[PDB]
Amino acid sequence: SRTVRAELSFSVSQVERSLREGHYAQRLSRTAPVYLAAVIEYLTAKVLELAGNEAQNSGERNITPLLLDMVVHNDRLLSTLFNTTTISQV
Amino acid sequence: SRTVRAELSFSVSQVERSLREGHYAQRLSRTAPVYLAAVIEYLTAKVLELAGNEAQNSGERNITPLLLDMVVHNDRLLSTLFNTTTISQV
Amino acid sequence: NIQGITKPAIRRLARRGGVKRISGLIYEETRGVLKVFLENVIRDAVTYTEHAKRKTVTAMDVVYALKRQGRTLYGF
Amino acid sequence: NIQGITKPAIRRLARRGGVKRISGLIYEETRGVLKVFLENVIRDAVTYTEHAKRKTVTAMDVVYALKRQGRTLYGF
Amino acid sequence: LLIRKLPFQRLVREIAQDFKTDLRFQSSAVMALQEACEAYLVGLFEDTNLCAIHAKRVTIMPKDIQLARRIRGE
Amino acid sequence: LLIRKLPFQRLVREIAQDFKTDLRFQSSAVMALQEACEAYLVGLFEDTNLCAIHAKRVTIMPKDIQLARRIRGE
Amino acid sequence: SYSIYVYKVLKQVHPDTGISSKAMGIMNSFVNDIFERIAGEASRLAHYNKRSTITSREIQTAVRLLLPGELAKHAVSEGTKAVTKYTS
Amino acid sequence: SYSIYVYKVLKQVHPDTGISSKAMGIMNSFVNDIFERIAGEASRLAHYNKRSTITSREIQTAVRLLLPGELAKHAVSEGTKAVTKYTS
DNA sequence: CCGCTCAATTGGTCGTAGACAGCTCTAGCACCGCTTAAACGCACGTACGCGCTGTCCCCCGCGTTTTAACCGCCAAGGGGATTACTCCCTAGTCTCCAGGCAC
DNA sequence: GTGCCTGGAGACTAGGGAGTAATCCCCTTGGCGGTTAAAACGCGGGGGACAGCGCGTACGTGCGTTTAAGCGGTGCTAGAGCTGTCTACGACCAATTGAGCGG
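All residue numbers given refer to positions from 1 along each chain's written sequence rather than to the entry's numbering, and residues for which no coordinates exist are omitted. Chains carry letters from A onward and ligands carry numbers from 1 onward, assigned in written order. Hydrogens and water molecules were not included; the side-chain quantities draw on all heavy atoms of the structure.

- Judging from the entry metadata, cryo-EM is the method by which this structure was determined, and 3.9 Å is the reported resolution.

**Some points on the side chain of G:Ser43**
Okay, step 1: Of note, G:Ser43 is situated in helix α2 (residues 22–48).
Okay, step 2: For every residue, the accessible area (1.4 Å probe, protein chains only) is compared with the maximum for its type, and the residue is labelled buried under 20%, exposed over 50%, or partly exposed between those bounds. Its relative accessible area of 17% is what places G:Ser43 among the buried residues.
Okay, step 3: G:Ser43 has contacts with B:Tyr24 and G:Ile54, leaving out every residue within four places of it along the chain. Each helix is a run of DSSP H or I of at least 4 residues and each strand a run of E of at least 2, with the numbering of both proceeding from the N terminus. Two residues form a contact once any of their heavy atoms are found within 4.5 Å.

**Details of the arrangement of the chains**
Okay, step 1: When the 17 pairs of chains in contact are compared, the highest contact count belongs to chains A and H.
Okay, step 2: What separates chain C from chain D at the closest point of their C-alpha atoms is a distance of 11 Å, and the two make no contact.
Okay, step 3: The two units chain A and chain F remain apart, with a minimum C-alpha distance of 9 Å.

**Here we look at unusual backbone geometry**
Okay, step 1: Positive phi is not limited to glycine here, since B:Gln89 has a value of about 60°.
Okay, step 2: Tracing the sequence through the fold places B:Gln89 in the segment after β1 (85–87).
Okay, step 3: One non-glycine residue with positive phi stands out, namely F:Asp22, at about 55°.
Okay, step 4: Looking at the secondary structure, you find F:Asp22 in the loop between α1 (5–15) and β1 (24–25).
Okay, step 5: Classification of F:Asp22 by relative accessible area gives exposed; the value is 55%.

**What to know about the protein's contact with DNA strand I**
Okay, step 1: Surveying the vicinity of DNA strand I reveals 46 residues, the closest of which are B:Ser1, B:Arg2, D:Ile22, F:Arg10 and F:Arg24.
Okay, step 2: Here, proximity means that at least one heavy atom of the residue falls within 4 Å of the molecule or strand. Within 4 Å of the protein, atoms of DNA strand I come from sugar and phosphate in 100% of cases.
Okay, step 3: Any pair of N or O atoms that falls within 3.5 Å is considered a polar contact. Within protein, one atom must be able to donate a hydrogen and the other to accept it, and sequence-neighbouring residues count only if both atoms are side-chain atoms. At 2.8 Å, a backbone N or O of D:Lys55 approaches a phosphate oxygen of DNA strand I.
Okay, step 4: D:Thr56 places a main-chain nitrogen or oxygen 3.0 Å from a phosphate oxygen of DNA strand I.
Okay, step 5: Elements supplying a minimum of two residues to the surface near DNA strand I: α1 (2–5) and α2 (12–22) of chain B, α1 (7–17) of chain C, α1 (7–17) and β1 (21–22) of chain D, β1 (24–25) of chain E together with α1 of chain F.
Okay, step 6: The element that contributes the greatest number of residues to the surface near DNA strand I is α1(F), accounting for 4 residues.
Okay, step 7: Split by residue class, the surface near DNA strand I holds 9 nonpolar, 13 polar and 24 charged. Residue type decides the class: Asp, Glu, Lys and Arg count as charged, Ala, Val, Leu, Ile, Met, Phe, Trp, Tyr, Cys and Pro as nonpolar, and the leftover types, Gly among them, as polar.

In structure tokens:
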């Protein structure tokens, strides 16, 4: 499996299959979905690393959308990515 | 010729050929380029109608980029389309 | 009507915005800004619904209309 | 250096902007705004050049970098 | 939310009537519009309060909303 | 143009050096950057003059550029 | 690319007024931009509905989305009264 | 769609902290958005160079363009040290 | 002013992509009662816009006098753009194997 | 706990698309040298930030009232997804003309 071979947590084959159903080009590459799954894996393991750091900087057990809204608009690490986003909280 | 048949001034076959080299879909439609050439023809015959209306008072013979820059950011008819544009004038 | 956007709801939006004191003429201006914002977003949501041959404005048409203004909305 | 953006060139940009009188501290702030604008556009122009396997930043890389900020530039 | 839901639904259903008559809205489309409108108005009053502090005032005035919308490009 | 061309070319070639060393620029890339930078600065001083009139002043101050850039989102 | 047709429409709208050589490049970048914007909006609308064919209806919707107000009403009316004149 | 892998990365980054059901839809719309943004930027970069194949180099450039600064440097470093670990 | 060449036009194919006919069955709309929270109408008592008023300070206009921008030359080479291969990478099986499922 | 079924990674073959040279050669950089405009310096003064001072309002708070929004509960049917056919489809080749150029 290319996901374990690339040592990732996201499925490369699903990112490639989502690039196929989007018809973003005529033909993909061999290692393009491994790179894209490793970047999206990095962004998820950077946002949820901070949501899990902020939940224990508090007594909460799960991760609520209030934690995502409080982290992503603070935390100048990824606050530039969410200048124009709104977590719905409903 | 479909351009004379549609009674346009832009070539429909070139708009269709530019939709093919952009690979915007898998297959175009019958009126996929006649409609697009009539809308771009309308926008050109609405901007240059105003540039030729404004040159009349100005007294100039040709149309310079200063006329385009003066018209498109005034003239609330199409000033909403050019909120974020900059004519280079060089 | 636009009068449903009441005086204390605009006051609560300004208190969340950090405003300490509000003049007596903000209330009709804020309704005129909210009506322009809704007339700009609902026009695009109705355009996506008429393009999708539907009669029910779903929440993804609203997300696409807010995406066409640089206001991406997560959670729908 | 940034010091090439002189005092009277910022004054001419403010006179074209409609400013009547300029404080004595605008000059170093305007250079700090211009340097941020160039550091945001040249980064994308150098990204398009390194992606195109070139070493010469053409004018279409600058047009694409300004297009990625909502500043479309006609005439190149 | 800070705006009451039923007057905001009346507002959306009286604004959208000018675009296509006899429309229906999902129950989550109106909450997405209400969430986006309060997230717009708070972000507007955060720059209005900056424009009111900039004039050495505390009370916000309609010229502060007009400045915060003309600088923003509205 | 309002900025002198050779100091603006020195500025672009000393800013771009931090991104990739030993780059070359076309002669029209520098004029596109200079046209875009003055079209940025005039549009910035048009909102700075609005922020200076808003405080009942004529002289623009660095807090007017800072307000016109914080409202704009910079 | 599109510069040969800008002068051809200008001969209809103003047969007496000429155009410069930089203004032709400006109108040609304007046309290639509003083309690659309308076609891009119609490809996103063909993806949002999971279609594969860009018809004239995705162009009419991308014109309604991109152009604000009266410019969208006149561009839709000109595209409609050009497709109907085409099919006849 | 992508919700089954968000919890799988969360088990690695925080095996003790759980996640809600609305926050999973928020992270799933976040992932489908940064996916359809990176792939869209890489399709425009494959069109600007008149290529036909999206390689990993158009993804590395679309990451450099979309993500600002240190997030772009770490996403490029993670994609590079995942493609190299993949080919070996 | 005519002969010759050519990408635009326009016949069959096979569309399958979309149209469309029908089915259900959410669900979104519609209505009534009804708490009660939220808004609403005054009083008022301020906190606070707001004009004005005087020190005052610092920015603009105005010679000066520099400085390097700019223009004009040439010299060099380098890295663009084009072409010609060209080779090798990715588009379709299978298969062999994991991983999800019963008792 | 392991029989049994689903899917996706390794062979396995055809490729056209980047790779790689290789070639003008354009242009871009690199200088030198020379006008001369533009900036830089300093001066001065008066325009305008500006802090203080009243001073007249209009907002928050409160204190009453009072309206409707939520809510909770029924009807209901509409049109949103469906699914399942059911046909025009744009794609291809091909067979004619009008514009560009030669004589």
